[PDB]
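Here's the structure we're looking at; comments come further down.
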4 protein chains.
Amino acid sequence: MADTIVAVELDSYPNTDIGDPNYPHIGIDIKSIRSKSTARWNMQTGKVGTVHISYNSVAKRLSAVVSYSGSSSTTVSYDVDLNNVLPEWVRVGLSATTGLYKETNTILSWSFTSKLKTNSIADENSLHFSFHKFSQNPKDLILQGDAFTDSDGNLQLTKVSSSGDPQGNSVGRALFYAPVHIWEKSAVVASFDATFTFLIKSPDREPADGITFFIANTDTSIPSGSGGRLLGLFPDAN
Amino acid sequence: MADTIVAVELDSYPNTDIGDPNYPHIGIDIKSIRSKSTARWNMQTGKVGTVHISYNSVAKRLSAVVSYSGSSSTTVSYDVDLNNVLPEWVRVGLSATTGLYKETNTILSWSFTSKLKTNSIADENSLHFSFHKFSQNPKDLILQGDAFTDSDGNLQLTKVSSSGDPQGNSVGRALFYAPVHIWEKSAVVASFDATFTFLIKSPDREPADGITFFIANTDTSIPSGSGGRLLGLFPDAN
Amino acid sequence: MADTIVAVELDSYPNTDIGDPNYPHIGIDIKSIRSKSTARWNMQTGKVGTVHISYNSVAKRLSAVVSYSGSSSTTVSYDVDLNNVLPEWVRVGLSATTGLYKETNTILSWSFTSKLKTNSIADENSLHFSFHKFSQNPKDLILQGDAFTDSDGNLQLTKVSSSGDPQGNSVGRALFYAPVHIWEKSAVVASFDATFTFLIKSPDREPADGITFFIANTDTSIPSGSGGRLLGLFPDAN
Amino acid sequence: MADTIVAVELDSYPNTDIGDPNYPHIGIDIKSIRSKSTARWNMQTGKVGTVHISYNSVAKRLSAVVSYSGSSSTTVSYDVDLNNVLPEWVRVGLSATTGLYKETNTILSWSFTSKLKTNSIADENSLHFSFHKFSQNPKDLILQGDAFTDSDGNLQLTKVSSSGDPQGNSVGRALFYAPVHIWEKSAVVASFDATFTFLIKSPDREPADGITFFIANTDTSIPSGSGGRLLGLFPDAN
Ligand SMILES: OC[C@H]1O[C@H](Oc2c[nH]c3ccc(Br)c(Cl)c23)[C@@H](O)[C@@H](O)[C@@H]1O
Ligand SMILES: OC[C@H]1O[C@H](Oc2c[nH]c3ccc(Br)c(Cl)c23)[C@@H](O)[C@@H](O)[C@@H]1O
Ligand SMILES: OC[C@H]1O[C@H](Oc2c[nH]c3ccc(Br)c(Cl)c23)[C@@H](O)[C@@H](O)[C@@H]1O
Ligand SMILES: OC[C@H]1O[C@H](Oc2c[nH]c3ccc(Br)c(Cl)c23)[C@@H](O)[C@@H](O)[C@@H]1O
Ligand SMILES: [Ca+2]
Ligand SMILES: [Ca+2]
Ligand SMILES: [Ca+2]
Ligand SMILES: [Ca+2]
Ligand SMILES: [Mn+2]
Ligand SMILES: [Mn+2]
Ligand SMILES: [Mn+2]
Ligand SMILES: [Mn+2]
């Protein structure tokens, strides 16, 4: 069967033939590339941006905010019970693609916290990780497809040359090595927060295709046919 | 000039004359004792209970859950922008009352985290405290009214005897000593999370009146007339 | 080549033939079962104990303390630079054995934090995990030898029957799934802290053999001949 | 009665007068301006530096490292039992002075964590704060002497002009608002960690006088005569 995917997308390229709004946008994706909720994103190609993502099983609202130094922020939210969508054990990761058009999909930092609180207090679990730059040989990441860490310590999700020039038709993903426990039958509340900073540079008039933070089944792998507009996440546009 | 109050109430006594539902309930109170959202609380007098509260400014949803070991939990949420309600600097606290009827309002643990973020993975401001014991001299709490720490290390918000028998017509509150910064001009996202565990015992067959977590202006005090049904928060029932 | 091991041992059985003092002891082991430092441990068989372990690269002192409710604590320290000992990437874990004599090697909770700092604030890493009780399918743990999680949610490092009776000649370990990055060429300061709570029960007049927290090369596995007095860590007593 | 002081000094100006070494140095001060331990400071006037300080009560080792974007590292350590020196409740803070000679004493960030542990994985008391910008009205800091926050959001501990030139004969301190519980009768282990980033700039051939992180009785205030060489911390040079 296909993987089960929940994602927040920073979608730089409007694919209106598969339901994208006709502008760069942020979106919340629940098992489909066709986002349940979107907000218009005013990209600053060449500038370092920041994304903050949060979810709590009591509120049942997955939210995301994108900002840049000295600019107005873009926000997006969706009401959803993640226990009905995802398995109890997941992996978390970042993905990016290029297609006919291209961009650098550079990650400068990534942090993530999750918590599982139950009935009994001494029945609980937490996981936190934080990367400010990345090791050249990162043993706590599963790197998939074209993803790699360059000589500056930056995570490049898609291909770039030695001079830093991006390449088209590229796909890559980075997953945290340990599975994450996001629900159980006795749980009272589960929550997570994620942050990443990113640098999209591009020589193209319309940069493409984007970067996601995603949560999937533990054995998730890049699907066949998921390049370009499908963001390395989905086998089709349904 | 009255305080500005946001609270989560565990209201054990139905004051139907001032808009309570006719059962013990959990509520979200925005500037009034008359809750904007309530849910049925299945009290278990004599068992240790746990409350988890959370908010973030992108989701704009204040939510709370109450539970006991081996039991079903109760949730309540309300969509609100706290920027629009509270001043930028606050104190946070726990309050409790008894009236004609009575209960012990015993706090066994209390923790709190607030974050103010912008454009990096590290937060521009964060505060975290956690008490699992309470000290015989809590120099980091402002104790108001009948609130005191006992010989067992527990925090008693209202009057109780040597023998563990609660008293009627009591009011008590405990505030964390340092002001918390909950928004600013430059802010991208602000969030907070709080947890407390409580023991409510009663000789009566109808215990009263309840316990809250609340957030207020920094100079907040127990208002004249806030006994019983007003939970030590409000000077009247409007 | 053999594994590289740094460990804190709760050594319940004196094997004076390989240099144990003639009493139960807590020990710091650096690449040998023969401890670099020991202290007398006053065991309370059948009671839940707590161990706290810490280290940072400026102080260069690895310390551990073992305690029980109502008792006084025993401490042990050793001055060592852990980088000259350990590789840059490690796994962290828990190990236990039994031999001719036996005990339960039960883990009720385990937490770990590591941090690696430079000065970019944006060149760095942290990892934190916390388990209060353990899942029936612990996908974030690598279980080795006889280790398993039971119906109560406890981690059993060595064999116990369904009635909870321990078995002799057992060895088991549990490793956190993700590698930990503990040094790099640009590092200024690296630190770690670990906590575990444990329950050692035994029908034997002299219980054996003990429990350790350990740090090893990422590919560590139970050496042949590490049963009993070698605590699942070393292939010989050198 | 005088304040009770424990400090880590970054001392830019040798006062051989009162027992400084005859070079710029970092030091550990236990109840006297006359450091119990010093190290020659690998100083870089005009560069952003970072200080990390740590202590735990099992190891009994107070340690500090000062570095500059990864280079030019200096360390200092002292074996000491702080339960014998400090009261159980304290305030923590930063101080700085100029005298005949001068430098900017600029704080760009500051964080602190304190923990008091016993018999579990969850701590019985913890406190954590973090500032990466400082507020125009920082209600959670007690600002003493010349200390103010500037339009950039930096904390200036001593007088600086509107353009950016430091003034002589100035003193300033910033204390965190809430008292900190550092030890108790039945504590198993107490620990704290602090980090700050600073910028010392000077038009002088020989900058003065330095910056400290310190720990004091909760009621601490700038003593009379503690200018220049006494770092705003001590009334005399005894
Ligand atoms: O990278 C931008 C887009 O490039 C391709 O789609 C096209 C967008 N504009 C075009 C113009 C001509 C042709 Br042929 C193609 Cl395939 C496209 C495809 O690779 C899409 O998946 C992708 O989103
Ligand atoms: O503790 C329960 C309640 O007791 C008091 O109200 C009454 C409850 N039963 C009554 C019966 C008669 C009269 Br008069 C009163 Cl005020 C009450 C008041 O103290 C209320 O504020 C409180 O909610
Ligand atoms: O569990 C206690 C000990 O049992 C064995 O060693 C012995 C301890 N007392 C003995 C008495 C007789 C014989 Br045979 C043996 Cl092997 C032992 C061995 O399994 C040791 O590794 C272990 O430490
Ligand atoms: O700012 C650096 C120093 O300047 C002063 O000490 C002197 C250093 N050189 C001098 C030369 C003359 C005189 Br008068 C004085 Cl007080 C000093 C005093 O203000 C000292 O406390 C301070 O350490
Ligand atoms: Ca698209
Ligand atoms: Ca009521
Ligand atoms: Ca032994
Ligand atoms: Ca000096
Ligand atoms: Mn899209
Ligand atoms: Mn009510
Ligand atoms: Mn031993
Ligand atoms: Mn000095």
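Ordering of the structure tokens sets the chain letters (A, B, ...); residue numbers start at 1 within each chain; ligands are numbered from 1 in the order shown.
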
Please return as a PyMOL selection string: the residues of chain A that backbone DSSP assigns to strand (DSSP E or B).
chain A and resi 5-11+25-30+37-40+48-56+61-68+74-79+89-97+106-118+124-132+141-145+148-149+155-156+160+166+171-176+180-181+187-199+210-217

Could you name the residues that touch residue 97 in chain C at 9 Å or less, counting only C-alpha atoms, but leaving out those on the same chain fewer than 2 positions away, as a PyMOL selection string?
chain C and resi 95+99+102-103+105+157-158+168-172+208-211+226-232

Show me, as a PyMOL selection string, the residues of chain A whose atoms get within 12 Å of chain D, using only C-alpha atoms for the distance check.
chain A and resi 121-126

What would the file look like if the residues just selected were written as a tab-separated table (two decimals), in the first residue's frame with N, CA and C atoms?
chain	number	residue	atom	x	y	z
A	121	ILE	N	0.95	9.67	34.60
A	121	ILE	CA	2.16	10.53	34.81
A	121	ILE	C	3.51	9.79	34.63
A	122	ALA	N	3.67	8.66	35.33
A	122	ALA	CA	4.80	7.75	35.16
A	122	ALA	C	4.51	6.72	34.06
A	123	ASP	N	3.58	7.08	33.17
A	123	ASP	CA	3.41	6.44	31.86
A	123	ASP	C	3.38	7.55	30.80
A	124	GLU	N	4.57	7.84	30.27
A	124	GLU	CA	4.76	8.93	29.32
A	124	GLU	C	6.04	8.74	28.47
A	125	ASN	N	6.19	9.62	27.49
A	125	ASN	CA	7.31	9.58	26.58
A	125	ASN	C	7.53	10.98	26.00
A	126	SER	N	8.80	11.31	25.83
A	126	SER	CA	9.17	12.50	25.08
A	126	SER	C	10.41	12.28	24.24

Output, as an mmCIF file with C-alpha atoms, in the first residue's frame, the coordinates of chain B following least-squares superposition onto chain C across all in-order C-alpha pairs.
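This went into selection-v7.cif:
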data_model
loop_
_atom_site.group_PDB
_atom_site.id
_atom_site.type_symbol
_atom_site.label_atom_id
_atom_site.label_comp_id
_atom_site.auth_asym_id
_atom_site.auth_seq_id
_atom_site.Cartn_x
_atom_site.Cartn_y
_atom_site.Cartn_z
ATOM 1 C CA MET B 1 37.940 -6.230 16.880
ATOM 2 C CA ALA B 2 36.299 -5.445 20.268
ATOM 3 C CA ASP B 3 33.797 -2.664 21.090
ATOM 4 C CA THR B 4 34.938 0.565 22.856
ATOM 5 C CA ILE B 5 33.020 0.847 26.129
ATOM 6 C CA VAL B 6 32.480 3.522 28.798
ATOM 7 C CA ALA B 7 30.047 2.561 31.569
ATOM 8 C CA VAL B 8 28.591 3.243 34.951
ATOM 9 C CA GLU B 9 27.965 -0.107 36.735
ATOM 10 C CA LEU B 10 25.642 -0.993 39.586
ATOM 11 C CA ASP B 11 27.495 -4.170 40.467
ATOM 12 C CA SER B 12 25.523 -6.258 42.978
ATOM 13 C CA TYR B 13 27.962 -9.251 43.200
ATOM 14 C CA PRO B 14 31.589 -9.013 44.383
ATOM 15 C CA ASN B 15 33.947 -10.781 41.977
ATOM 16 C CA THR B 16 37.031 -10.172 44.075
ATOM 17 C CA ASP B 17 39.087 -12.471 41.795
ATOM 18 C CA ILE B 18 38.842 -9.770 39.054
ATOM 19 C CA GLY B 19 39.277 -6.671 41.204
ATOM 20 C CA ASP B 20 35.817 -5.946 42.582
ATOM 21 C CA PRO B 21 35.769 -4.690 46.114
ATOM 22 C CA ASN B 22 34.245 -7.198 48.591
ATOM 23 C CA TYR B 23 30.806 -5.470 48.664
ATOM 24 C CA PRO B 24 28.056 -4.314 46.253
ATOM 25 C CA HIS B 25 29.425 -1.141 44.633
ATOM 26 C CA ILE B 26 28.876 1.515 41.987
ATOM 27 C CA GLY B 27 31.724 1.887 39.489
ATOM 28 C CA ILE B 28 33.056 3.814 36.529
ATOM 29 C CA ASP B 29 34.455 1.526 33.799
ATOM 30 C CA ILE B 30 36.672 2.886 31.052
ATOM 31 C CA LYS B 31 37.371 0.180 28.502
ATOM 32 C CA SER B 32 37.598 -2.534 31.228
ATOM 33 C CA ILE B 33 35.358 -4.378 33.734
ATOM 34 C CA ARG B 34 37.964 -3.450 36.315
ATOM 35 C CA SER B 35 36.514 -0.119 37.454
ATOM 36 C CA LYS B 36 38.746 2.998 37.591
ATOM 37 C CA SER B 37 36.737 4.303 40.551
ATOM 38 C CA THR B 38 34.231 2.589 42.902
ATOM 39 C CA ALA B 39 32.072 3.439 45.903
ATOM 40 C CA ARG B 40 30.135 1.221 48.435
ATOM 41 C CA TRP B 41 26.493 0.694 47.281
ATOM 42 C CA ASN B 42 24.086 0.060 50.154
ATOM 43 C CA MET B 43 21.613 -2.088 48.173
ATOM 44 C CA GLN B 44 17.973 -2.163 49.085
ATOM 45 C CA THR B 45 16.690 -5.203 47.220
ATOM 46 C CA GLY B 46 12.932 -4.794 46.731
ATOM 47 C CA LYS B 47 12.942 -0.926 46.631
ATOM 48 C CA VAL B 48 12.843 1.278 43.491
ATOM 49 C CA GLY B 49 16.222 2.985 42.955
ATOM 50 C CA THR B 50 17.372 6.004 40.862
ATOM 51 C CA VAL B 51 20.679 6.631 39.062
ATOM 52 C CA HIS B 52 21.755 10.040 37.695
ATOM 53 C CA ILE B 53 24.857 10.216 35.492
ATOM 54 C CA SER B 54 26.594 13.311 34.039
ATOM 55 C CA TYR B 55 29.589 14.468 32.034
ATOM 56 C CA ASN B 56 30.906 17.536 30.370
ATOM 57 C CA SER B 57 34.048 17.980 28.320
ATOM 58 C CA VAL B 58 35.263 21.166 30.067
ATOM 59 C CA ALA B 59 35.091 19.703 33.595
ATOM 60 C CA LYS B 60 36.225 16.250 32.213
ATOM 61 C CA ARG B 61 34.617 14.446 35.180
ATOM 62 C CA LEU B 62 32.228 11.552 34.706
ATOM 63 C CA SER B 63 30.060 11.180 37.812
ATOM 64 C CA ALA B 64 27.138 9.086 39.040
ATOM 65 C CA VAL B 65 24.785 8.955 42.053
ATOM 66 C CA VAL B 66 22.492 6.106 43.239
ATOM 67 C CA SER B 67 19.622 6.690 45.757
ATOM 68 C CA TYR B 68 16.360 5.335 47.208
ATOM 69 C CA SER B 69 13.413 7.122 48.808
ATOM 70 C CA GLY B 70 14.204 8.054 52.437
ATOM 71 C CA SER B 71 17.768 6.778 52.216
ATOM 72 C CA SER B 72 21.330 8.043 51.907
ATOM 73 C CA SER B 73 22.774 8.267 48.400
ATOM 74 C CA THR B 74 26.071 6.900 47.054
ATOM 75 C CA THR B 75 28.360 8.861 44.656
ATOM 76 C CA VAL B 76 31.282 7.967 42.394
ATOM 77 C CA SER B 77 33.398 10.158 40.024
ATOM 78 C CA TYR B 78 36.359 9.733 37.738
ATOM 79 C CA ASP B 79 38.480 12.406 35.937
ATOM 80 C CA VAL B 80 38.559 11.424 32.279
ATOM 81 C CA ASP B 81 38.573 13.064 28.799
ATOM 82 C CA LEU B 82 36.039 11.020 26.808
ATOM 83 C CA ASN B 83 37.240 12.588 23.520
ATOM 84 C CA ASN B 84 40.375 10.538 24.092
ATOM 85 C CA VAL B 85 38.456 7.272 24.650
ATOM 86 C CA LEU B 86 35.268 7.117 22.565
ATOM 87 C CA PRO B 87 34.661 7.554 18.830
ATOM 88 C CA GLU B 88 32.893 10.798 17.758
ATOM 89 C CA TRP B 89 29.657 8.862 17.027
ATOM 90 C CA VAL B 90 28.179 6.475 19.596
ATOM 91 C CA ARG B 91 25.139 4.576 20.770
ATOM 92 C CA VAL B 92 23.939 4.701 24.402
ATOM 93 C CA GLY B 93 22.247 1.842 26.258
ATOM 94 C CA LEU B 94 21.393 -0.144 29.380
ATOM 95 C CA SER B 95 22.765 -3.695 30.024
ATOM 96 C CA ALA B 96 22.244 -6.361 32.717
ATOM 97 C CA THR B 97 23.268 -9.924 33.659
ATOM 98 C CA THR B 98 22.645 -12.797 36.043
ATOM 99 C CA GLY B 99 25.087 -15.730 36.534
ATOM 100 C CA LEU B 100 25.017 -18.570 39.052
ATOM 101 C CA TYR B 101 23.145 -16.155 41.330
ATOM 102 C CA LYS B 102 20.262 -13.984 40.120
ATOM 103 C CA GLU B 103 18.012 -10.905 40.427
ATOM 104 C CA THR B 104 15.325 -9.098 38.403
ATOM 105 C CA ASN B 105 16.908 -6.280 36.401
ATOM 106 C CA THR B 106 13.785 -4.139 35.896
ATOM 107 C CA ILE B 107 13.980 -0.649 34.330
ATOM 108 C CA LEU B 108 10.957 1.560 35.107
ATOM 109 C CA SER B 109 12.162 4.740 33.338
ATOM 110 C CA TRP B 110 15.105 5.914 31.280
ATOM 111 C CA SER B 111 16.036 9.368 29.963
ATOM 112 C CA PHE B 112 19.058 10.918 28.214
ATOM 113 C CA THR B 113 20.247 14.336 26.940
ATOM 114 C CA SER B 114 23.380 15.143 24.974
ATOM 115 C CA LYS B 115 24.512 18.575 23.747
ATOM 116 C CA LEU B 116 27.206 19.739 21.370
ATOM 117 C CA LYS B 117 27.781 23.530 21.587
ATOM 118 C CA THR B 118 29.876 26.324 19.993
ATOM 119 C CA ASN B 119 29.310 30.138 19.719
ATOM 120 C CA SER B 120 25.658 30.897 20.468
ATOM 121 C CA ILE B 121 23.052 30.258 23.156
ATOM 122 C CA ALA B 122 21.272 27.674 20.967
ATOM 123 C CA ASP B 123 23.165 24.332 20.616
ATOM 124 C CA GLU B 124 24.603 23.242 17.229
ATOM 125 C CA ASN B 125 23.338 19.749 18.070
ATOM 126 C CA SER B 126 21.137 18.324 20.811
ATOM 127 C CA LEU B 127 19.307 15.051 21.431
ATOM 128 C CA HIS B 128 16.837 14.305 24.244
ATOM 129 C CA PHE B 129 14.704 11.210 24.883
ATOM 130 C CA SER B 130 12.592 10.142 27.841
ATOM 131 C CA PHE B 131 10.672 6.904 28.520
ATOM 132 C CA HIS B 132 8.459 6.573 31.546
ATOM 133 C CA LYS B 133 6.463 3.735 30.002
ATOM 134 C CA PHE B 134 7.999 1.228 27.688
ATOM 135 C CA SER B 135 5.940 0.194 24.663
ATOM 136 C CA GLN B 136 4.895 -3.357 23.745
ATOM 137 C CA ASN B 137 6.715 -2.604 20.489
ATOM 138 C CA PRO B 138 9.753 -0.328 21.131
ATOM 139 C CA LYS B 139 10.607 0.632 17.547
ATOM 140 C CA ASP B 140 13.035 3.228 18.921
ATOM 141 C CA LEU B 141 15.079 0.672 20.961
ATOM 142 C CA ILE B 142 17.411 -2.048 19.690
ATOM 143 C CA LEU B 143 16.735 -4.911 22.088
ATOM 144 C CA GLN B 144 19.613 -7.411 22.438
ATOM 145 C CA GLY B 145 19.649 -10.849 24.146
ATOM 146 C CA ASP B 146 16.933 -11.561 26.735
ATOM 147 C CA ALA B 147 15.685 -7.927 26.955
ATOM 148 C CA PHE B 148 11.912 -7.450 26.562
ATOM 149 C CA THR B 149 9.120 -5.174 27.639
ATOM 150 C CA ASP B 150 6.494 -6.703 29.931
ATOM 151 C CA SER B 151 2.689 -6.267 30.189
ATOM 152 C CA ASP B 152 3.113 -3.627 32.924
ATOM 153 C CA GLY B 153 5.102 -1.464 30.515
ATOM 154 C CA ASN B 154 8.437 -2.171 32.263
ATOM 155 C CA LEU B 155 11.661 -3.032 30.562
ATOM 156 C CA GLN B 156 13.113 -6.353 31.759
ATOM 157 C CA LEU B 157 16.761 -6.587 30.715
ATOM 158 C CA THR B 158 17.119 -10.256 31.839
ATOM 159 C CA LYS B 159 14.737 -13.304 32.047
ATOM 160 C CA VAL B 160 11.785 -13.315 34.500
ATOM 161 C CA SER B 161 8.731 -15.648 34.682
ATOM 162 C CA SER B 162 4.968 -14.987 34.566
ATOM 163 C CA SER B 163 5.238 -14.844 38.382
ATOM 164 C CA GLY B 164 8.116 -12.316 38.750
ATOM 165 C CA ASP B 165 10.845 -14.874 39.539
ATOM 166 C CA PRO B 166 14.203 -14.080 37.867
ATOM 167 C CA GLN B 167 16.435 -16.620 36.167
ATOM 168 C CA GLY B 168 20.190 -17.320 36.315
ATOM 169 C CA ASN B 169 22.733 -17.009 33.502
ATOM 170 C CA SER B 170 20.797 -14.316 31.586
ATOM 171 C CA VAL B 171 22.103 -11.359 29.490
ATOM 172 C CA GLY B 172 20.143 -8.446 27.941
ATOM 173 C CA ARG B 173 20.751 -4.906 26.633
ATOM 174 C CA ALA B 174 18.646 -1.992 25.236
ATOM 175 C CA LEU B 175 20.170 0.690 22.971
ATOM 176 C CA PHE B 176 18.569 3.946 21.838
ATOM 177 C CA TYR B 177 18.007 3.613 18.101
ATOM 178 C CA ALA B 178 19.692 6.826 16.856
ATOM 179 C CA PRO B 179 23.456 7.394 16.937
ATOM 180 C CA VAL B 180 24.493 10.240 19.230
ATOM 181 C CA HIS B 181 27.138 12.760 18.131
ATOM 182 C CA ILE B 182 29.444 13.341 21.111
ATOM 183 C CA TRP B 183 32.275 15.526 19.758
ATOM 184 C CA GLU B 184 33.679 17.060 16.610
ATOM 185 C CA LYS B 185 36.572 19.146 15.202
ATOM 186 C CA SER B 186 34.794 22.491 15.719
ATOM 187 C CA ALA B 187 33.425 21.641 19.231
ATOM 188 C CA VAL B 188 33.726 24.062 22.164
ATOM 189 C CA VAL B 189 31.917 21.865 24.718
ATOM 190 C CA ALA B 190 30.041 18.527 24.672
ATOM 191 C CA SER B 191 27.903 17.264 27.577
ATOM 192 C CA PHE B 192 25.475 14.426 28.405
ATOM 193 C CA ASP B 193 23.213 13.510 31.322
ATOM 194 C CA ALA B 194 21.298 10.260 31.901
ATOM 195 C CA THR B 195 18.773 9.029 34.468
ATOM 196 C CA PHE B 196 17.151 5.632 34.993
ATOM 197 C CA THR B 197 15.007 4.073 37.717
ATOM 198 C CA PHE B 198 15.366 0.393 38.547
ATOM 199 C CA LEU B 199 13.781 -2.371 40.599
ATOM 200 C CA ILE B 200 16.087 -5.177 41.711
ATOM 201 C CA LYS B 201 14.396 -8.150 43.428
ATOM 202 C CA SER B 202 15.978 -11.490 44.469
ATOM 203 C CA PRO B 203 14.907 -14.862 45.977
ATOM 204 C CA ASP B 204 18.647 -15.291 46.824
ATOM 205 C CA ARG B 205 20.492 -13.849 49.832
ATOM 206 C CA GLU B 206 23.259 -12.818 47.429
ATOM 207 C CA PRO B 207 21.756 -11.286 44.258
ATOM 208 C CA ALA B 208 23.835 -10.995 41.071
ATOM 209 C CA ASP B 209 25.120 -9.582 38.768
ATOM 210 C CA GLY B 210 24.189 -5.922 38.051
ATOM 211 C CA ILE B 211 22.881 -3.205 35.692
ATOM 212 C CA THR B 212 24.861 -0.595 33.684
ATOM 213 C CA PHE B 213 24.321 2.533 31.602
ATOM 214 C CA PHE B 214 26.918 2.460 28.830
ATOM 215 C CA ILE B 215 28.215 4.283 25.729
ATOM 216 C CA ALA B 216 29.845 2.418 22.865
ATOM 217 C CA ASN B 217 30.740 2.412 19.142
ATOM 218 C CA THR B 218 27.480 2.466 17.093
ATOM 219 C CA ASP B 219 27.704 -1.151 15.868
ATOM 220 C CA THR B 220 28.091 -2.577 19.418
ATOM 221 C CA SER B 221 26.708 -6.027 20.247
ATOM 222 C CA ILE B 222 26.761 -8.488 23.176
ATOM 223 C CA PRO B 223 30.242 -10.040 23.071
ATOM 224 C CA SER B 224 30.808 -13.837 23.280
ATOM 225 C CA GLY B 225 31.723 -14.678 26.886
ATOM 226 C CA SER B 226 30.238 -11.542 28.570
ATOM 227 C CA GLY B 227 27.812 -13.307 30.907
ATOM 228 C CA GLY B 228 27.648 -12.827 34.666
ATOM 229 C CA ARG B 229 30.520 -10.757 36.015
ATOM 230 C CA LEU B 230 31.224 -9.088 32.648
ATOM 231 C CA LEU B 231 27.739 -7.475 32.599
ATOM 232 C CA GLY B 232 27.197 -8.012 28.864
ATOM 233 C CA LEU B 233 29.874 -5.447 27.965
ATOM 234 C CA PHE B 234 33.311 -7.060 27.729
ATOM 235 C CA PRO B 235 34.647 -10.265 26.081
ATOM 236 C CA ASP B 236 37.119 -10.895 28.961
ATOM 237 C CA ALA B 237 38.206 -9.550 32.372
ATOM 238 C CA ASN B 238 41.444 -7.710 31.406
#
